[PDB]
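Residues per chain are reported as follows:
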Amino acid sequence: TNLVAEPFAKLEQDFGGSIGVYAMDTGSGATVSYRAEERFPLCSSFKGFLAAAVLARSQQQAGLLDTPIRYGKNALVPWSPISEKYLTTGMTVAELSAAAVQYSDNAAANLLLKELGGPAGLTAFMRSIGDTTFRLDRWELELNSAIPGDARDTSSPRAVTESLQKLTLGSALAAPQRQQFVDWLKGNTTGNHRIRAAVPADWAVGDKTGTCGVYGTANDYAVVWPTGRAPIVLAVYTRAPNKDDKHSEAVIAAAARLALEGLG
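Residues numbered from 1 in each chain as written, not as in the entry; some residues may be left out. Heavy atoms only, no water.

**Section: helix α7 (residues 157–168)**
Over its 12 residues, α7 runs 16 Å from end to end, which matches the ideal 16 Å to within 8%, given 1.5 Å per residue. Among the residues of α7, those classed as buried are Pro157, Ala159, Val160, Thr161, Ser163, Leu164, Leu167 and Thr168. (Helix = DSSP H or I, 4+ residues; strand = E, 2+ residues; numbered from the N terminus. Expected span 1.5 Å × (residues − 1). Buried < 20%, exposed > 50% of the residue type's maximum accessible area, 1.4 Å probe, protein only.)

Shown next as structure tokens:
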């Protein structure tokens, strides 16, 4: 019997799909795990890890983050509001990274993927930090298909949380780069109704959302700084069996609340 899990099971059943949750209290090592090792599509949530990989590269390449990239219209993709805005002026690597993280900008994400050697290059970066679960296989927008049983472009809530911890709190990035990653996540604009909706208003939150949309597939991961407490790192992912099943932000927020409540 798993009593801790029961509210998560009820929540996913009402949702009509599966919810995956992993939360870590970095002070005590306490966790809350529900389907934590199952795979879920990354959707736009990969863009946080993409930005981290760019930051890692920027450690050894002087002025990389400050480098202007002058892309053309052929680089644009639907839902690239920042990239379109700066088409006539260009954007720095840092600005593209921030756009990918904070506005889920698709053109920015593809541009940065190209610099890293594509989906395989991002995957190699994740392997280099000890994440053997993460895989990115395709580019925007094809990576969002979220087909049940398809492992392409997936990770697990546990691996997402473990990697997020390494990159934001651990030693996977040098300190100045770690802090930049945190600053970008904290400035995310797309997550107000997800993990952020579950946390007390006074707590700092950095997050990245994903919304494949199809197959009820959406997610959010976050690092949370509780007033007067060690940070919490958590990941909440959803999916559902049928193509036109709707995702739910409310379900993500509700799962995040239960995770915070269940943590030592």
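**Re the sheet that holds strand β1 (residues 18–25)**
Spatially, five strands are ordered β2-β1-β9-β8-β7 in an open sheet, and the strand pairing comes out antiparallel. Every other strand in the sheet has two partners, leaving β2 (31–34) and β7 (204–211) as the edge strands with one partner each. Along the sheet, successive strands turn relative to each other by an average axial angle of 10°, direction set aside. Sheet analysis places β1 next to β2, joined by four bridges and oriented antiparallel. Looking across to β2, one finds that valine 21 is bridged to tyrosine 34. The strands touched by helix α9 (residues 249–262) within the sheet are β1, β2, β8 (218–225) and β9 (232–239), with β9 carrying the most contacts at an inclination of about 145°. (Pairing = 2+ DSSP bridges. Axes fitted to C-alpha atoms, helices over the stretch in contact; angles between N-to-C directions. Contact = heavy atoms within 4.5 Å.)

**Examining the UniProt feature "domain: Beta-lactamase class A catalytic" (unreviewed entry) in the protein**
Taking the UniProt record as the reference, the feature "domain: Beta-lactamase class A catalytic" (unreviewed entry) is found at residues 20–238. Taken end to end, residues 20–238 is 34% helix and 19% strand, and its two terminal C-alpha atoms sit 6 Å from one another. (UniProt positions renumbered as here; feature names shortened; annotations may be inferred.)

**Points about the nonpolar core**
The biggest cluster of nonpolar side chains holds 48 residues, and the ones touching the most others in it are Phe46, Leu122 and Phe125. Counting residues per element, this core draws most heavily on helix α2 (residues 46–60), at nine residues. In contact with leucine 122, not counting residues within four places along its chain, are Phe46, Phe49, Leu50, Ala53, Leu113, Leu116, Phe134 and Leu136. By size, the runner-up hydrophobic cluster in this structure holds 27 residues, among which are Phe15, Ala198, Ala222 and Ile232. (Core = buried A, V, L, I, M, F, W, Y, C linked by side-chain atoms within 4.5 Å.)

**Describing the pattern of salt bridges**
Any two side chains of opposite charge can pair, so long as their charged atoms come close to each other. For the coordinates displayed, the defined rule picks out 13 salt bridges. Its salt-bridge partner being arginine 138, residue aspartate 153 comes within 2.7 Å of it at the nearest N-O pair. Remark: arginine 138 occurs in the loop between α6 (118–128) and β6 (154–155) and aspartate 153 occurs in the loop between α6 and β6; sequence separation between them is 15 residues. Of the two residues, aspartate 153 and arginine 138, neither departs from the other in class, the shared state being buried. Three or more residues joined by partner-sharing salt bridges are found here, namely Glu12, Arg35, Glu38 and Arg239. (Salt bridge = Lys/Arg side-chain N within 4 Å of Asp/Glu carboxyl O.)

**Considerations on the state of the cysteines**
All told, the structure shown has one disulfide when counted by the stated rule. Disulfide pairing is shown between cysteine 43 and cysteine 212; the S-S distance is 2.1 Å. Classification of the bridge connecting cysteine 43 and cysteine 212 rests on its S-S torsion, roughly -105°, and on that basis the disulfide is left-handed. Residue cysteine 43 is found in the loop between β3 (40–41) and α2, and its partner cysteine 212 is found in the loop between β7 and β8; the two are separated by 169 residues along the sequence. Neither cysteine 43 nor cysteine 212 differs from the other in exposure class; each is buried. (Disulfide = S-S within 2.5 Å.)

**Considerations on the packing of helix α4 (residues 93–102) against helix α5 (residues 106–115)**
One can describe the packing of α4 onto α5 by two numbers: an axis separation of 8 Å at closest approach and a directional angle of 125°. Overall, the two elements α4 and α5 adopt an arrangement that is oblique. Pair α4 / α5 crosses with left-handed handedness. Counting all contacts with α4, which are made through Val93, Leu96, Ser97, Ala99 and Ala100, the residues of α5 involved are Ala108, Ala109, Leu111 and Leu112. Grouping the constituent residues of the contact of α4 with α5 by class yields eight nonpolar, one polar and no charged. (Parallel < 35°, antiparallel > 145°, perpendicular 65-115°, else oblique. Left-handed = near helix turned anticlockwise from the far one by under 90°. Nonpolar A, V, L, I, M, F, W, Y, C, P; charged D, E, K, R; others polar.)

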